[PDB]
Amino acid sequence: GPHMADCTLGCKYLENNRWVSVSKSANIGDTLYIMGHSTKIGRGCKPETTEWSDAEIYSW
């Protein structure tokens with residue numbers, strides 16, 4: 001079988017003063033990249049870091 005992600009991380013980042021949402025996909029154990037920042041995807045699809053100066057994960 002193929003290997004797909006576990007969860008879809010719905011996050012928004014401030015680009016050019018516009019909050020752009022993007023849903024990315026990663027596994028429990030992946031490292032999510034947002035704006036150059038990286039966060040490990042822990043349990044409950046919940047990333048270690050959910051908040052950044054100009055970026056935030058809103059849904060997982």
# chains A, B, ... in the order shown; residues from 1 in each chain; ligands from 1
$ select_by_dssp --residues "chain A" --states "strand (DSSP E)" --output "VMD selection string"
chain A and resid 7 to 15 18 to 26 31 to 34 37 to 40 51 to 52 55 to 59
$ write_last_selection --atoms "N, CA, C and O atoms" --output "short mmCIF file (atom, residue, chain, number, x, y, z; two decimals), in the first residue's frame"
data_model
loop_
_atom_site.label_atom_id
_atom_site.label_comp_id
_atom_site.auth_asym_id
_atom_site.auth_seq_id
_atom_site.Cartn_x
_atom_site.Cartn_y
_atom_site.Cartn_z
N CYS A 7 -2.51 13.46 9.13
CA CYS A 7 -3.38 14.58 9.40
C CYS A 7 -3.12 15.73 8.44
O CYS A 7 -2.01 15.87 7.89
N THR A 8 -4.12 16.54 8.25
CA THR A 8 -4.04 17.71 7.45
C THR A 8 -3.94 18.92 8.38
O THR A 8 -4.86 19.19 9.15
N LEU A 9 -2.84 19.60 8.34
CA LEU A 9 -2.59 20.71 9.20
C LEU A 9 -3.05 21.98 8.51
O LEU A 9 -2.50 22.38 7.48
N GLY A 10 -4.05 22.60 9.06
CA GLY A 10 -4.58 23.81 8.52
C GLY A 10 -4.00 24.97 9.25
O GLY A 10 -4.29 25.17 10.44
N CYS A 11 -3.21 25.73 8.59
CA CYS A 11 -2.53 26.84 9.19
C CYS A 11 -2.62 28.06 8.33
O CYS A 11 -2.99 27.97 7.17
N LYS A 12 -2.34 29.18 8.90
CA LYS A 12 -2.32 30.42 8.20
C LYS A 12 -1.08 31.21 8.52
O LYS A 12 -0.61 31.21 9.67
N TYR A 13 -0.53 31.82 7.52
CA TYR A 13 0.68 32.59 7.66
C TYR A 13 0.46 33.98 7.11
O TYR A 13 -0.40 34.19 6.25
N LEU A 14 1.20 34.91 7.64
CA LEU A 14 1.10 36.26 7.21
C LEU A 14 2.07 36.49 6.08
O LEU A 14 3.28 36.51 6.29
N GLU A 15 1.56 36.64 4.91
CA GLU A 15 2.37 36.93 3.78
C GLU A 15 1.92 38.20 3.19
O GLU A 15 0.76 38.34 2.80
N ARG A 18 -1.14 39.70 4.52
CA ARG A 18 -2.33 38.95 4.21
C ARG A 18 -2.23 37.59 4.89
O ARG A 18 -1.22 36.90 4.73
N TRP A 19 -3.22 37.24 5.68
CA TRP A 19 -3.25 35.92 6.26
C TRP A 19 -3.71 34.91 5.24
O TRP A 19 -4.87 34.92 4.81
N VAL A 20 -2.80 34.09 4.81
CA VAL A 20 -3.08 33.09 3.82
C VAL A 20 -3.13 31.74 4.51
O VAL A 20 -2.16 31.34 5.17
N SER A 21 -4.25 31.08 4.42
CA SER A 21 -4.37 29.77 4.99
C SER A 21 -3.89 28.73 4.00
O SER A 21 -4.01 28.89 2.77
N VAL A 22 -3.32 27.70 4.52
CA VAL A 22 -2.84 26.60 3.75
C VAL A 22 -2.96 25.34 4.58
O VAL A 22 -2.66 25.33 5.80
N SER A 23 -3.47 24.34 3.98
CA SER A 23 -3.56 23.07 4.60
C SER A 23 -2.52 22.13 4.01
O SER A 23 -2.49 21.87 2.80
N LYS A 24 -1.65 21.67 4.86
CA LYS A 24 -0.55 20.80 4.48
C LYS A 24 -0.84 19.45 5.07
O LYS A 24 -1.72 19.31 5.90
N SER A 25 -0.14 18.45 4.66
CA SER A 25 -0.40 17.13 5.14
C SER A 25 0.86 16.49 5.66
O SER A 25 1.91 16.55 5.01
N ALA A 26 0.77 15.89 6.82
CA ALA A 26 1.90 15.25 7.43
C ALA A 26 1.46 14.14 8.36
O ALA A 26 0.26 14.01 8.69
N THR A 31 7.73 16.54 10.43
CA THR A 31 8.15 17.86 10.73
C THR A 31 7.49 18.81 9.72
O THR A 31 7.74 18.74 8.50
N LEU A 32 6.62 19.63 10.22
CA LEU A 32 5.87 20.59 9.45
C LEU A 32 6.69 21.84 9.26
O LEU A 32 7.38 22.27 10.19
N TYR A 33 6.64 22.39 8.08
CA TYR A 33 7.34 23.61 7.76
C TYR A 33 6.39 24.72 7.42
O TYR A 33 5.54 24.59 6.54
N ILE A 34 6.53 25.78 8.14
CA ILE A 34 5.75 26.98 7.99
C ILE A 34 6.66 28.19 8.03
O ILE A 34 7.29 28.45 9.04
N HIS A 37 9.93 27.94 9.58
CA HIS A 37 9.88 27.38 10.90
C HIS A 37 9.47 25.94 10.77
O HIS A 37 8.82 25.56 9.79
N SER A 38 9.84 25.13 11.71
CA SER A 38 9.51 23.75 11.65
C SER A 38 9.00 23.26 12.98
O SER A 38 9.50 23.66 14.04
N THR A 39 8.02 22.43 12.93
CA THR A 39 7.44 21.88 14.12
C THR A 39 7.16 20.40 13.95
O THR A 39 6.75 19.96 12.89
N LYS A 40 7.41 19.66 14.98
CA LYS A 40 7.16 18.25 14.98
C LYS A 40 5.66 18.03 15.18
O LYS A 40 5.02 18.77 15.95
N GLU A 51 1.97 28.22 17.12
CA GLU A 51 1.95 29.64 17.02
C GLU A 51 3.33 30.18 16.69
O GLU A 51 4.33 29.73 17.22
N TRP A 52 3.36 31.11 15.79
CA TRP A 52 4.54 31.81 15.37
C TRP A 52 4.17 33.27 15.18
O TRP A 52 2.98 33.59 14.94
N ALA A 55 2.52 33.39 11.94
CA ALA A 55 1.93 32.15 11.44
C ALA A 55 1.29 31.37 12.57
O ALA A 55 1.74 31.45 13.68
N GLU A 56 0.22 30.67 12.30
CA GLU A 56 -0.43 29.89 13.34
C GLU A 56 -1.19 28.72 12.74
O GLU A 56 -1.77 28.85 11.65
N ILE A 57 -1.18 27.61 13.42
CA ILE A 57 -1.93 26.44 13.02
C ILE A 57 -3.31 26.59 13.65
O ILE A 57 -3.41 26.81 14.86
N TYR A 58 -4.35 26.51 12.87
CA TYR A 58 -5.68 26.69 13.42
C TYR A 58 -6.43 25.37 13.48
O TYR A 58 -7.27 25.17 14.35
N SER A 59 -6.11 24.47 12.59
CA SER A 59 -6.82 23.24 12.51
C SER A 59 -5.83 22.12 12.29
O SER A 59 -4.80 22.31 11.64
#
$ closest_residue --among "A:4, A:28, A:16, A:35" --to "residue A:53" --atoms "only C-alpha atoms"
A:35
